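Undergrad: Dropping in entry_17.cif, with mmCIF, C-alpha atoms.
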```cif
data_query
loop_
_atom_site.label_atom_id
_atom_site.label_comp_id
_atom_site.auth_asym_id
_atom_site.auth_seq_id
_atom_site.Cartn_x
_atom_site.Cartn_y
_atom_site.Cartn_z
CA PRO O 2 0.00 0.00 0.00
CA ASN O 3 1.14 3.54 -0.81
CA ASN O 4 1.31 6.26 1.85
CA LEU O 5 1.26 9.66 0.18
CA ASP O 6 0.17 12.21 2.76
CA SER O 7 3.60 13.70 3.53
CA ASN O 8 3.66 14.78 -0.11
CA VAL O 9 0.93 17.37 0.36
CA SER O 10 0.12 20.17 2.79
CA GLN O 11 -3.02 21.23 4.70
CA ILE O 12 -4.08 24.49 3.06
CA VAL O 13 -6.24 27.34 4.35
CA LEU O 14 -7.44 29.25 1.30
CA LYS O 15 -7.35 33.01 1.49
CA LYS O 16 -11.10 33.73 1.55
CA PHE O 17 -13.63 34.62 4.22
CA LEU O 18 -17.22 33.42 4.58
CA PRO O 19 -20.09 35.83 5.27
CA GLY O 20 -20.78 37.00 8.82
CA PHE O 21 -24.06 38.02 10.29
CA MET O 22 -25.21 41.65 10.31
CA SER O 23 -27.86 43.90 11.83
CA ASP O 24 -30.17 46.68 10.67
CA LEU O 25 -29.81 50.35 11.62
CA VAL O 26 -33.29 51.91 11.59
CA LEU O 27 -33.31 54.09 14.71
CA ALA O 28 -30.36 56.18 13.58
CA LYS O 29 -31.97 57.07 10.26
CA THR O 30 -35.26 58.36 11.74
CA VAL O 31 -34.38 60.42 14.84
CA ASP O 32 -33.68 64.11 14.55
CA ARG O 33 -30.37 64.74 12.83
CA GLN O 34 -29.97 68.30 11.41
CA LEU O 35 -30.88 70.07 14.65
CA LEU O 36 -27.83 69.07 16.74
CA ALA O 37 -25.34 68.99 13.82
CA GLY O 38 -22.11 70.89 14.41
CA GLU O 39 -23.57 72.51 17.52
CA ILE O 40 -21.17 71.05 20.08
CA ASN O 41 -17.71 72.33 19.13
CA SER O 42 -14.69 73.84 20.84
CA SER O 43 -16.31 77.23 21.56
CA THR O 44 -19.19 75.51 23.33
CA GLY O 45 -17.74 73.27 26.03
CA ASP O 46 -19.43 69.94 26.45
CA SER O 47 -23.16 70.77 26.21
CA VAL O 48 -25.66 73.13 24.62
CA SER O 49 -29.39 73.93 24.98
CA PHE O 50 -32.59 74.74 23.08
CA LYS O 51 -35.74 76.63 24.10
CA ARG O 52 -39.00 75.08 25.35
CA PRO O 53 -42.13 76.88 24.03
CA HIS O 54 -44.13 79.38 26.06
CA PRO J 2 -55.80 -23.93 -44.28
CA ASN J 3 -53.26 -21.47 -45.68
CA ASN J 4 -50.06 -21.17 -43.64
CA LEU J 5 -48.51 -17.74 -44.29
CA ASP J 6 -46.21 -17.16 -41.29
CA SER J 7 -42.99 -17.70 -43.27
CA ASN J 8 -44.08 -14.97 -45.66
CA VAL J 9 -43.68 -12.06 -43.21
CA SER J 10 -41.35 -11.09 -40.39
CA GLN J 11 -41.30 -9.95 -36.74
CA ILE J 12 -40.28 -6.31 -36.72
CA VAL J 13 -39.08 -4.17 -33.84
CA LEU J 14 -39.29 -0.49 -34.79
CA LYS J 15 -36.39 1.76 -33.88
CA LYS J 16 -38.01 4.11 -31.34
CA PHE J 17 -37.92 4.08 -27.58
CA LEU J 18 -40.80 4.65 -25.23
CA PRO J 19 -40.32 7.64 -22.87
CA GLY J 20 -38.94 6.82 -19.42
CA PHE J 21 -39.30 8.45 -16.03
CA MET J 22 -37.39 11.66 -15.15
CA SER J 23 -36.42 13.67 -12.03
CA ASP J 24 -35.46 17.26 -11.38
CA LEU J 25 -32.30 18.80 -9.93
CA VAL J 26 -33.08 21.84 -7.80
CA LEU J 27 -30.55 21.47 -5.00
CA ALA J 28 -27.45 21.31 -7.20
CA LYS J 29 -28.65 24.46 -8.96
CA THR J 30 -29.07 26.67 -5.86
CA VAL J 31 -26.18 25.85 -3.50
CA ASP J 32 -22.82 27.62 -3.87
CA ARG J 33 -20.30 26.67 -6.58
CA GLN J 34 -17.91 29.62 -7.25
CA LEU J 35 -16.04 29.22 -3.93
CA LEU J 36 -15.08 25.55 -3.90
CA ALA J 37 -14.35 25.28 -7.65
CA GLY J 38 -10.77 24.31 -8.52
CA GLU J 39 -9.65 24.43 -4.88
CA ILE J 40 -9.04 20.71 -4.32
CA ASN J 41 -6.18 19.66 -6.60
CA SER J 42 -3.09 17.48 -6.24
CA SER J 43 -1.23 19.90 -3.95
CA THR J 44 -4.11 19.82 -1.48
CA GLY J 45 -4.65 16.27 -0.31
CA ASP J 46 -8.20 15.16 0.38
CA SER J 47 -9.53 18.36 2.06
CA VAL J 48 -9.30 22.15 2.11
CA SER J 49 -10.24 24.85 4.67
CA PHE J 50 -11.77 28.37 4.48
CA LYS J 51 -11.73 31.18 7.08
CA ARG J 52 -14.46 32.01 9.63
CA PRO J 53 -14.99 35.80 10.03
CA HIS J 54 -13.89 37.64 13.23
#
```
Now that the file is in, can you turn its structure into C-alpha cells?

TA:
Amino acid sequence: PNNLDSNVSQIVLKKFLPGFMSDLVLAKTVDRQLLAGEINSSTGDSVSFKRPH
Amino acid sequence: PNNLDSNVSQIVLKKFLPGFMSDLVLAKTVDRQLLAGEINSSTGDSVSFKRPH
C-alpha cells in the first residue's frame, strides 16, 4: 500500500465566509440636522434649546 | 388452411418509449464559485476556508 500524505500540505485558502449583520433603523429616523455641528470647541461639552411658552 | 407465417417477419421499430425523469433543484441553488478548482493534487483530500472575526 502507498502512503502519500507527507507529499501534500493542509491548506487554508485566502477567503472569508459571510458574517451576520444587523439593521440600523433608529439612527436614520431620529432628529439629525438640529444638533449637527452645535457642540464644538467654543461651546464646552453641552448646549441647549428653548421650550415653548 | 393457408399457412402464411414464413411470408412475413417480426419487426421491432427503432423508437424508444419515454422513461421516467427527475429534477435537480438542490445542485442548482447551492454555492459553486467558492469551492471550484480548490481541491487539486497539492491539497490532499480536504481544504479549509476562514471564519470571520

Undergrad: Give me the RMSD in Å over all C-alpha atoms, paired in order, after least-squares superposition of chain J onto chain O.

TA: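 The RMSD between chain J and chain O over C-alpha atoms is 1.0 Å.
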
Undergrad: Specify as a ChimeraX atom specification each residue included when the PyMOL selection byres ((chain J) within 7 of (chain O)) is applied to this file.

TA: /J:43-45,48-53

Undergrad: Could you tell me how far atom CA of residue O:35 sits from atom CA of residue O:54, in Å to one decimal place?

TA: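 Going from atom CA of residue O:54 over to atom CA of residue O:35, I get 19.8 Å.
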
Undergrad: For a test of reading the model, state the distance in Å between atom CA of residue O:27 and atom CA of residue O:41, rounded to one decimal.

TA: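 About the pair atom CA of residue O:27 and atom CA of residue O:41: they are 24.4 Å apart.
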
Undergrad: Grab the atom CA of residue J:29 to atom CA of residue J:46 distance for me, in Å with one decimal place.

TA: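 About the pair atom CA of residue J:29 and atom CA of residue J:46: they are 24.3 Å apart.
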